[PDB]
Amino acid sequence: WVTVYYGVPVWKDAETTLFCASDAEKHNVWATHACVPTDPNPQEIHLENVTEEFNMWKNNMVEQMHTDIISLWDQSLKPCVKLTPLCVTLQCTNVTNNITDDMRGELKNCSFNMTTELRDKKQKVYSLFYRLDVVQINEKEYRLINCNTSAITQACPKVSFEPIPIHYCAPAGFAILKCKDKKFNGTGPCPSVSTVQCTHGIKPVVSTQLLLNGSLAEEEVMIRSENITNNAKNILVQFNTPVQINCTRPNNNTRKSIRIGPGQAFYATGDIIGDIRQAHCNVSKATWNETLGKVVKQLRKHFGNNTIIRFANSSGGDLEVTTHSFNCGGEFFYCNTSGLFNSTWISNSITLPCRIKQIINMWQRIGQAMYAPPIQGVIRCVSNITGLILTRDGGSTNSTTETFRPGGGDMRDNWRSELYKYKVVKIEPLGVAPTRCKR
Amino acid sequence: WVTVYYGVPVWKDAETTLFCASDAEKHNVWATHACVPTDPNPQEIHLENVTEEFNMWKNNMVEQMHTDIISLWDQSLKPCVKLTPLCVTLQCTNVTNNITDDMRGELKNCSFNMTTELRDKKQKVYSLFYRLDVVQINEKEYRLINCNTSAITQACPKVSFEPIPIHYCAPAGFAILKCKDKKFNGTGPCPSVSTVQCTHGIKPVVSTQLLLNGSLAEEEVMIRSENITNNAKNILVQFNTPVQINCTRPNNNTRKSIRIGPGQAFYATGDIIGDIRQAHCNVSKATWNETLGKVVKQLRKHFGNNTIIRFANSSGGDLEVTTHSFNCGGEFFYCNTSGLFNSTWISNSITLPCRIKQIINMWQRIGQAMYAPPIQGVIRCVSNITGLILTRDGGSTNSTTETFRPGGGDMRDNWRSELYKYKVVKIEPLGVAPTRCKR
Amino acid sequence: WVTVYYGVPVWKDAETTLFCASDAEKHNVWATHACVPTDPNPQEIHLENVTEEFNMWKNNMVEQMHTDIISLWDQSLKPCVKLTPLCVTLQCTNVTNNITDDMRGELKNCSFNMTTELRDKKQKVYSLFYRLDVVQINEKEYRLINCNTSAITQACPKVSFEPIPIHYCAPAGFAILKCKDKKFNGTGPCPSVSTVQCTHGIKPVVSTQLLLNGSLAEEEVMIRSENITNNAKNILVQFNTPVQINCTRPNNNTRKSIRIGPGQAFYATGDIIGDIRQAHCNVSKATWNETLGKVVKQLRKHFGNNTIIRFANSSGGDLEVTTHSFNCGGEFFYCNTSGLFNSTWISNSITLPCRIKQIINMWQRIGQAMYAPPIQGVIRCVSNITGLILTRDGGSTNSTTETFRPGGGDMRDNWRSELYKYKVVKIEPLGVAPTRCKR
Amino acid sequence: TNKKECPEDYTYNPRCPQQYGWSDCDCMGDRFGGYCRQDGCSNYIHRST
Amino acid sequence: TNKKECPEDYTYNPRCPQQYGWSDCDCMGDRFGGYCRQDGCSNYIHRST
Amino acid sequence: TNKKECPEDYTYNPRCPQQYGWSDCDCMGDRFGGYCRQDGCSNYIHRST
Amino acid sequence: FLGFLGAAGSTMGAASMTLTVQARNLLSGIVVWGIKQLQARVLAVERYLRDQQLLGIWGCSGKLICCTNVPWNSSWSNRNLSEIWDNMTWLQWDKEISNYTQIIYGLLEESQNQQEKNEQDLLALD
Amino acid sequence: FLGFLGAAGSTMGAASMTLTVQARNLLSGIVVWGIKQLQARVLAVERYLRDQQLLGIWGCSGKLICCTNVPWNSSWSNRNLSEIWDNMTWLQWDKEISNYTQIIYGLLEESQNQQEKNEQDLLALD
Amino acid sequence: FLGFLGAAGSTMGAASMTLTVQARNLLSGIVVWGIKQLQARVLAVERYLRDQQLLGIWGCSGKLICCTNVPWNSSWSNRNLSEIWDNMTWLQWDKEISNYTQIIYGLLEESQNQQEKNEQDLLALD
Ligand SMILES: *[C@@H]1O[C@H](CO)[C@@H](O[C@@H]2O[C@H](CO)[C@@H](O[C@@H]3O[C@H](CO[C@H]4O[C@H](CO)[C@@H](O)[C@H](O)[C@@H]4O)[C@@H](O)[C@H](O)[C@@H]3O)[C@H](O)[C@H]2NC(C)=O)[C@H](O)[C@H]1NC(C)=O
Ligand SMILES: *[C@@H]1O[C@H](CO)[C@@H](O[C@@H]2O[C@H](CO)[C@@H](O[C@@H]3O[C@H](CO[C@H]4O[C@H](CO)[C@@H](O)[C@H](O)[C@@H]4O)[C@@H](O)[C@H](O)[C@@H]3O)[C@H](O)[C@H]2NC(C)=O)[C@H](O)[C@H]1NC(C)=O
Ligand SMILES: *[C@@H]1O[C@H](CO)[C@@H](O[C@@H]2O[C@H](CO)[C@@H](O[C@@H]3O[C@H](CO[C@H]4O[C@H](CO)[C@@H](O)[C@H](O)[C@@H]4O)[C@@H](O)[C@H](O)[C@@H]3O)[C@H](O)[C@H]2NC(C)=O)[C@H](O)[C@H]1NC(C)=O
Ligand SMILES: *[C@@H]1O[C@H](CO)[C@@H](O[C@@H]2O[C@H](CO)[C@@H](O)[C@H](O)[C@H]2NC(C)=O)[C@H](O)[C@H]1NC(C)=O
Ligand SMILES: *[C@@H]1O[C@H](CO)[C@@H](O[C@@H]2O[C@H](CO)[C@@H](O)[C@H](O)[C@H]2NC(C)=O)[C@H](O)[C@H]1NC(C)=O
């Protein structure tokens, strides 16, 4: 006989829209005024005698993460002042005198013919720029480098990009399953199932090459990829130990505002107090030494057990992916990581120089260049590397040596590196089973 | 005794909001990214032993159609570049040399003082225009003709206006009833009832005088009007046969872009390869001959069985309604249809010259002029006339002869010409009836 | 035994979002196109044998009122023309000849270099201004006074600010309770409970010092405050009688438009027909005399039964709060009320001169200055004072005499003066009680 | 008393007689969507005040 | 230790003493909605650090 | 017949060979997010038409 | 089989009494541009729920057909049961008895209220 | 008649037991600027449905008054039934027993679960 | 206690039959940037209501477990009741019988329709 049952703890794979939550103000671009409070208490339930199949490469949570971040980023500039009036010919020379050699040619001192709130007279102003945002017009005369591509908007100096963690939460009828497994590498079944209302919080840190401020593996370095033999895919390496980096922006800046119009002002670099120094990051050398060895052992286990592995720096190309990129204090840093990838592991302090830019085309879109206003004073940043984005050279069958390089570019992979622990399912509580009972 | 019943297949006339659907991209202005998929299969159910009353002149589906189209049209320009910087004095002369007489005076060759992304220097540029968009300033010196009325926006050359059909669908609790009748003329009962979840797709083709790319009558030409004796109402004539028209824009155009600003460029007509010819449409003559006769017979049946009917061309007035208007390839055409309405039917190839415009105030609104960018190459359009919009002259009691002219203006009537087949009803499933049963 | 009951008429204090409603067009900024119809009939139900506790100082209805008004105000300018092109140096002199002494120095006659729809030539125009909106630039040369703070937008001369009353309505599951009590003074229990679906309509009149166009107390003047001994709080005085004021703007104005751009025009004061007179308000003297005495008696009852009370005019400071402010006909008036607060009440016609401004920063926000276009002709306004906003001087322990001054500034208090009659509750229909019955 | 009202199915449109120089054209047929046409012209409803 | 905090029902508003030249007016009464008035003026809560 | 299609995991990006002067770089690895890199370069799928 | 309104022409005795009413007419009842889409979903939900609440208050939830103890008032319509059920349909029927809908709803509510009251008294005395 | 909260002052024995609870208190329960309007509709729907689901889990759907087999715990409130029902009202009542609401809900759920379980055993052995 | 899906590993005979199904699996079922938030609420409502309407049409509303008079078809799955209920769980079970879901739903609807029809005939002849 047929008996109908309701409330059955059964589910199917599903794709739905998740809620964002934080902190169980108008500050902070990453939805702090928009997301709801997190649940004040973890609701995690371990499920015994069950298994589940995960595939981090087919997940949709990452698409939402992507969508949400791009959207929030765009919203943050909507009410902000456009810098259209600023793209003018710059009369410009080099910053000099106080440059400690390393920065020679990096800073520009340019003059402008700017508008005033009265639409008639102009003001003669000048400000300082990084050379990376300035290009010569006639092969002196300079222009903002992104002027001839698309519109530039000044970020409102009310907010910053501090990566406050966001928890994702299921709507009623949905649940998020998590593995508590240690061997699971992103695909297939794991003998570990635990259900939660929400994920832990994930910090939306945007970077290339080195994954920063994330979670760590507990027992072993975990290396994950979609296809171990596909050199067109990246590799996610999750460290089981942190690697600390001490970064600095060693310039005591003074910022000034220039009134542009009726309620508009431009935030200009004024000058530098004291001398001028190159930005840099100090990586613990000993830690890197050991960390790399651990990574190599794990790479060898997947392939190359009897071969050797070399690391090399990045390929020529766009700065955004050829160097390490991060944001700190709201400032945009570009760092030369070649000092980290210059070795061969055959078994048997590091200072990285950096560059700074003020015009950022985050996410490569047209009409969305963002101008990062100066930050006064000196910036220090401390964080740990929790993992790597690696690529492997192809073009060779000589298995004796494999070559790896730091990668990054598609931000989806950084999010995947945290989201992989979770799967979204939909509950289907209504069903039947045979019995010996009849109405 | 009273017995309560639920799920009764009963309904009332109702007005609700319908869903749009298509194709069971970011291209196409008419909601292709916004509408939902259509149902993959027709759900039509014929209802036996029932009749229903329809009134196409009191329908609300048309208001939604109107609302949706205007809204979609406006949305399509929201992210597009404004042409404000372009309304400057034009230094302008005539295009000459290669004009094959017919086009003399139609094209202008004008020079401009335009901005550049650098807000200081200007560029000297020139481009070609149709005379209909250009007016003399001082009674040489010219201006964009719509400059002194309202803002002009350039359509983004990413999209076009291709009339991809849209199906309208009922929300749960609603249904759409359709007549399968052949004699029904828009009002009153029809002995034919069929219920659907959704309407067939309707192509949002916007035109005057001749109804294009629509459905055909199956047995007879159907002539419908709200009031057969009211000369202030239009007449919808639905052909039971197509009339093909071959239209062309016989000019091999070259388009060029002019950079205007930081992420903005104007699409200008560059020049014409080969000689310059007037745009035109070729109407099958024989078909028109027979088609008109059929229309007249049906008009005679409504009135004038013993009288004669003459056709005449349009009255003086606004181009938008005095000529035939259509869009094809994204281009805006104005055609002289007087060659189609120059006859008397007493019982007992046609070439239409055309004009082209680039500034279109679609729907007659202020601040919404749209600039249609040039299309390169040569355009051919093939379509059939499925019906007519006619008006009848008043001012006379001499029944001997009636006079008809092509009309059009209020777009609601074009939509009505397709929507008339359908009615929206709301289901009211709960009710009572007498029985011999008691709880 | 436990018995479960549903539909219990029980409730808790609650905060929810209320619906706005009016009139059981595109004109009128205060949501007339946005709010729903009011219920055509009062649904008030008196509840016998019940009491309820109210606290007008902890109410949330006022926050919604605040939020809604600010939002509607902002929405009204969204589609309107910006006046950015207008902030130019003004070449300016005094209006003279026809000034009847009182207005000397109040009106300015200024010349401008304005744009035209053709972006090349400029037009020489001039217009008249109130001095309060114009400031000298160089200590002749003048500027719009708010130019150097923030953007100014012209209100669209399609709408006005007429305070059409809005009713607030509960969502299902909510109800609004009202006191019909006469002694209740904003806090504590009242032995009067009546439940409604919606509140009566409240006119969103914005003013300082004198509360206009509101409801009246029925039996006594009611004086309400959050804390009777806190001199940092305001005092709301609700009259039981109206005091009529006849205000005028005694200048027969002519308005002219200046075309600014492609679909933009500025509405300028043209000139004054006849002579030039100062704006003013005529307050019934006898009524004020008696009204004040009633207010004083009630103040004495709260404190000062054996002391005397004096009234004094406002303190130095921002015009917006040092004078009486109101809008009428869409015009913005500033009136000198010192003639109303110049007396001591020891127990045992009035003409107020006024000023007019065209740039209003309503709600003190940046980038939201509104330009009030001129109104042609002569304006008369008639309304009654229904109450006062008073403050009491501190700094003294000499109880012999208390000093009061007119106040106003935070608009929340004006709304509170009407909203205080109501409380929002949520219904919780499900609960249990002991019985002698078992399933 | 009365007002210069247009007949049903016509509305008032001052643009047409001014733009075109058309006599006895105060009102324009609604059937043309706000556009001006000579055959869409009408004067006001013919009644005195 | 302490901070230059305003008393309840007053907030900090640097605009007022600067715009008007008012002594002992660091804080402004909340009762005036952010607008400046002499009788709305206050100094900070009187406590040492 | 055939088309100049990119191999899976690469897309077409004309910017890269033009911006950099890179030979045999018509397609760019998707793994780099649209950004240009020498090691992300590829030619088209090697088949004739 | 017959479709959502398929049974409409079969007169009441077959039009709904074949449980066509459940099979489709009821089953289908609840089956920034895109604002309209939420409005449609919400309104459909509200209508569904109003019907269920009415059945609930009348003691008719969980039923396609629900008999009560209220006598039919012939004053609203006087016809033989055989014509009412076999030759007339539901749409025609509503045209004849729509004006008495509110009267009957009030009667249904009061009857159910009294029926429950009586059961409550019986439990108290049990 | 009495209105939505009209019966509130009539003490429980008349305030709800006259089925005023159904007639209005329950009947009314479920009866880009305009975002608020959808939020209000949705929230009203959610509250209605939560009440119904609770009645459902307790085996009390389709009832205005639902007796269970759970004894009253006097430890939550010890009063005579005549005062409880005739002189005290529902608002006053909740003030006295609100703190035991969750205890009773848990008890109601378990009892219903056991009752259904017993019926399931009876069918199996039938 | 066990949590929302806590009973999933306990095989059907304990996984749902302990009324864990009600206590949490069912109880939790219905428990311009922020557009997503309304969409989520609405969709949750729709799913809840679809389940209830199905239980309604089958005559199983107000029940956690509902027996019908439809025989089990072994053609869909032939196993002993003791293994079905004691060693296999609900997820495993659905994997085996998912393909027959629609067949059974149709059968359930027809049976309920006939059962009600028979009751209607009995009242008419009473
Ligand atoms: C990885 O996690 C780390 C742990 O939190 C992150 O370190 C934190 O990084 C911030 C800088 O990005 C550090 O500095 C803070 O800066 C604010 C300054 O803003 C305020 O003051 C300025 C002054 O003009 C004003 O303009 C602003 O509007 C604000 O008002 C200080 O207020 C804080 O006290 C602090 O100095 C944190 O110190 C630092 N945390 C720790 C524990 O060191 C790290 O950045 C993360 N990694 C990445 C890449 O973000
Ligand atoms: C009535 O129905 C007819 C049947 O479909 C419609 O005919 C179709 O009309 C279109 C033109 O409007 C014809 O031409 C097509 O044009 C596109 C060109 O766009 C793409 O390429 C350009 C090149 O620069 C690029 O700029 C665009 O962004 C696009 O990438 C071609 O790709 C198509 O192959 C085709 O040529 C259709 O051929 C024509 N269909 C038929 C069957 O002839 C007719 O227009 C309808 N009536 C009306 C008034 O629209
Ligand atoms: C307190 O309640 C009083 C009672 O209603 C309010 O009095 C009303 O105030 C309005 C003015 O604000 C009076 O005048 C009306 O003005 C309109 C003019 O607008 C139309 O015409 C102009 C002409 O160019 C056009 O530009 C506009 O777009 C409109 O087309 C007239 O049409 C009305 O007939 C009337 O004259 C009312 O007369 C007056 N009511 C009474 C009964 O006197 C009072 O304002 C309220 N208090 C406050 C502070 O608002
Ligand atoms: C990444 O490695 C390559 C090779 O190790 C570096 O290539 C050098 O680029 C500079 C640029 O002017 C040349 O002068 C050198 O001759 C290049 N080296 C070789 C061997 O050709 C590249 O610069 C490295 N990138 C970083 C950030 O170190
Ligand atoms: C409010 O009252 C004060 C005092 O009664 C007025 O202060 C006067 O301000 C004018 C401004 O130039 C001075 O010339 C007078 O000497 C001031 N009076 C005193 C006594 O100092 C103030 O103007 C009043 N405000 C209004 C609107 O009347």
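Residues numbered from 1 in each chain as written, not as in the entry; some residues may be left out. Chains lettered and ligands numbered in written order. Heavy atoms only, no water. Residues with missing side-chain atoms left out of burial classes, pairs and counts.

Its PDB record attributes the structure to cryo-EM, giving the resolution as 4.5 Å.

Some thoughts on the overall build of chain G
In terms of regular secondary structure, chain G is built from six helices and one strand. Overall, chain G shows an N-to-C arrangement of helices and strands of α-α-α-β-α-α-α. Taken over the C-alpha trace, chain G has a radius of gyration of 18 Å; the compact-globule value for 126 residues is 14 Å, which it surpasses by more than 25%. Seen through its C-alpha atoms, chain G measures out along the principal axes to roughly 60 × 40 × 30 Å. (Helix = DSSP H or I, 4+ residues; strand = E, 2+ residues; numbered from the N terminus. Rg over C-alpha atoms; globule rule 2.2 N^0.38 Å.)

As for the relation of the copies chain A and chain C
Once chain A is rotated about the relating axis by 120 degrees and shifted along it by 0.0 Å, it coincides with chain C to within an RMSD of 0.0 Å. Both copies of the chain, as the preceding transformation shows, are related through a three-fold rotation axis. (Least-squares fit on C-alpha atoms.)

Examining helix α1 (residues 61–77) of chain A
Because each turn of an α-helix spans 3.6 residues, side chains separated by three or four positions in sequence point in the same direction. Residues and elements named next belong to chain A. In this model, α1 (17 residues) spans 25 Å end to end at C-alpha, consistent with the 24 Å of a helix rising 1.5 Å per residue. Judged by how many residues are buried, α1 sits mostly within the fold: twelve of 17 residues are covered. Burial in α1 covers these residues: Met61, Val62, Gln64, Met65, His66, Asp68, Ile69, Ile70, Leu72, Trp73, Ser76 and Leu77. (Expected span 1.5 Å × (residues − 1). Buried < 20%, exposed > 50% of the residue type's maximum accessible area, 1.4 Å probe, protein only.)

Re the site of ligand 2
Residue and element names in this part refer to chain B. Near ligand 2 you find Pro163, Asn213, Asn327, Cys328, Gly329, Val382 and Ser383, and these make up its full shell. A distance of 2.4 Å separates an oxygen atom of ligand 2 from a polar side-chain atom of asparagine 213. Between ligand 2 and the protein, one listed contact pairs an oxygen atom with a backbone N or O atom of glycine 329 at 3.1 Å. For ligand 2, the accessible surface in isolation is 930 Å², of which the surrounding protein chains cover 31%. Those elements giving two or more residues to the shell around ligand 2 turn out to be β22 (324–328) and β28 (377–392). Of the residues contributing to the shell around ligand 2, the split by class is three nonpolar, four polar and no charged. (Near = heavy atom within 4 Å. Polar contact = N/O pair within 3.5 Å; in protein donor to acceptor, adjacent residues only side chain to side chain. Areas by Shrake-Rupley, 256 points an atom, 1.4 Å probe, with all protein chains shown as cover. Nonpolar A, V, L, I, M, F, W, Y, C, P; charged D, E, K, R; others polar.)

A short note on the pattern of salt bridges
Enumeration over the complete set of coordinates arrives at 81 salt bridges over all chains. When the shortest N-O distance is used, the salt bridge between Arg365(A) and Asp74(A) registers 2.7 Å. Note on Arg365(A): relative accessible area 33%, which makes it partly exposed. A salt bridge links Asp393(A) to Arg405(A), with the nearest nitrogen and oxygen atoms 2.9 Å apart. Here the residue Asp393(A) occupies a position in the loop between β28 (377–392) and β29 (401–406), and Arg405(A) occupies one in strand β29, the gap between them amounting to twelve residues. On the basis of relative accessible area, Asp393(A) is assigned to the partly exposed category, the value being 27%. In this structure, a network of salt bridges that share partners links the residues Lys12(A), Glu428(A) and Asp94(I). (Salt bridge = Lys/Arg side-chain N within 4 Å of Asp/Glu carboxyl O.)

Topic: the interface of chain A and chain C
Of the residues lining the interface, seven residues belong to chain A; the matching set on chain C comes to eleven residues. Buried surface at the junction of chain A and chain C, summed over both partners, amounts to about 840 Å²; 55% is from carbon and sulfur atoms. Among the residues chain A hides against chain C, the three largest losses belong to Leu118(A), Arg119(A) and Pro262(A). Together they make up 61% of the total. (Contact = heavy atoms within 4.5 Å. Buried area = accessible area lost by both parts, 1.4 Å probe.)

Concerning the packing of aromatic side chains
Evaluated as defined, the whole model comprises 63 aromatic pairs over all chains. Each ring, one from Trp72(G) and one from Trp93(G), has its centre 6.1 Å from the other, and the planes form 35 degrees; the classification is tilted. Of this pair, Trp72(G) sits in the loop between β1 (65–67) and α4 (81–86) while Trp93(G) is found in helix α5 (residues 90–97), placing the two residues 21 residues apart along the sequence. Taken together, the ring pairs connect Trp288(A), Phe303(A), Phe311(A), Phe341(A) and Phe404(A) into an aromatic cluster. Its guanidinium or amino end placed over the ring of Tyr126(A), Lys256(A) lies 4.1 Å from that ring's centre, counting from NZ or CZ. (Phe/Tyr/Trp six-rings, centres within 6.5 Å; stacked < 30°, edge-to-face > 60°. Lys NZ or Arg CZ within 6 Å of the ring centre and 35° of its normal.)

A word on a positive patch on the surface
On the surface, a cluster of positive charge is made up of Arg119(A), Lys122(A), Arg119(B), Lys122(B), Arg119(C) and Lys122(C). Examined against the element boundaries, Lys122(C) turns out to sit in strand β8 (residues 122–130). (Patch = residues over 30% accessible without salt bridge, like charges linked within 9 Å, V, L, I, M, F, W, Y side chains within 5 Å. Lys, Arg positive; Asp, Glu negative; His and termini not counted. Charge placed at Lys NZ, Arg CZ, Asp CG, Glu CD.)

Digging into the state of the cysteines
Residues and elements named next belong to chain A. One pass over the full model with this rule turns up 39 disulfides over all chains. Here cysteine 20 connects covalently by a disulfide to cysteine 35, the sulfurs 2.0 Å from one another. Sign of the S-S torsion, about -110 degrees for the bond between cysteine 20 and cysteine 35, identifies this disulfide as left-handed. Between the sulfur of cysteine 87 and that of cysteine 147 lies a disulfide, 2.0 Å long from S to S. One disulfide, between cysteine 87 and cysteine 147, carries an S-S torsion of -105 degrees and so falls in the left-handed class. (Disulfide = S-S within 2.5 Å.)

Remarks on the interface of chain A and chain I
At the junction of the two partners, chain A supplies 44 residues and chain I supplies 53 residues. Put simply, the parts of the chain that give the side of chain A that touches chain I at least two residues each are β1 (2–6), β2 (11–13), β3 (19–21), β4 (45–47), α1, β13 (174–178), β30 (422–427) and β31 (430–434) of chain A. Taken together, the residues that form the side of chain A that touches chain I break down as 30 nonpolar, seven polar and seven charged. Pairing of β1(A) with strand β1 (residues 65–67) of chain I involves three bridges; the strand directions are antiparallel. Bridge pairing links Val4(A) to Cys66(I) in β1(I). (Pairing = 2+ DSSP bridges.)

Focus: the environment of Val4(C)
Residue placement: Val4(C) occurs in strand β1 (residues 2–6). Setting aside residues up to four positions removed in sequence, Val4(C) forms contacts with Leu430(C), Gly431(C), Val432(C), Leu55(H), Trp58(H), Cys60(H), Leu64(H), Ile65(H), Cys66(H) and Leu108(H).

Some words on the packing of helix α3 (residues 35–57) of chain G against helix α3 (residues 35–57) of chain I
The geometry of α3(G) relative to α3(I) is characterised by a closest axis approach of 11 Å and an angle of 35 degrees between their N-to-C directions. The interaxial crossing formed by α3(G) with α3(I) has left-handed handedness. Contacts between α3(G) and α3(I) involve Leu38(G), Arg41(G), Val42(G), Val45(G), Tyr48(G) and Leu49(G) on the former and, on the latter, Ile35(I), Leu38(I), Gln39(I), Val42(I), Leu43(I), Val45(I), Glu46(I), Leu49(I) and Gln53(I). Residues that form the contact of α3(G) with α3(I) fall into these classes: eleven nonpolar, two polar and two charged. (Axes fitted to C-alpha atoms, helices over the stretch in contact; angles between N-to-C directions. Left-handed = near helix turned anticlockwise from the far one by under 90°.)

Re the site of ligand 4
Residues and elements named next belong to chain A. Contacts to ligand 4 come from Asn313, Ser314, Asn336 and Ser338. Between ligand 4 and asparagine 313 there is a distance of 2.4 Å, counted from an oxygen atom to a side-chain nitrogen or oxygen. For ligand 4, an oxygen atom lies 3.3 Å from a polar atom in the side chain of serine 338. In isolation ligand 4 has 570 Å² of accessible area, and contact with the protein removes 22% of it.

A word on the sheet that holds β4(A)
All names here are of chain A. Read from one edge of the open sheet, five strands run β2-β30-β13-β15-β4, paired in antiparallel fashion. Lying at the two open borders of the sheet, with one neighbouring strand each, are β2 and β4. Taking the axes of each pair of neighbouring strands and ignoring which way they run, one obtains an average angle of 40 degrees across the sheet. Bridge analysis of β4 against strand β15 (residues 193–196) gives three bridges, and the strand direction is antiparallel. Residue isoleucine 45 lies in a different strand from β15, and its bridge partner there is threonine 195.

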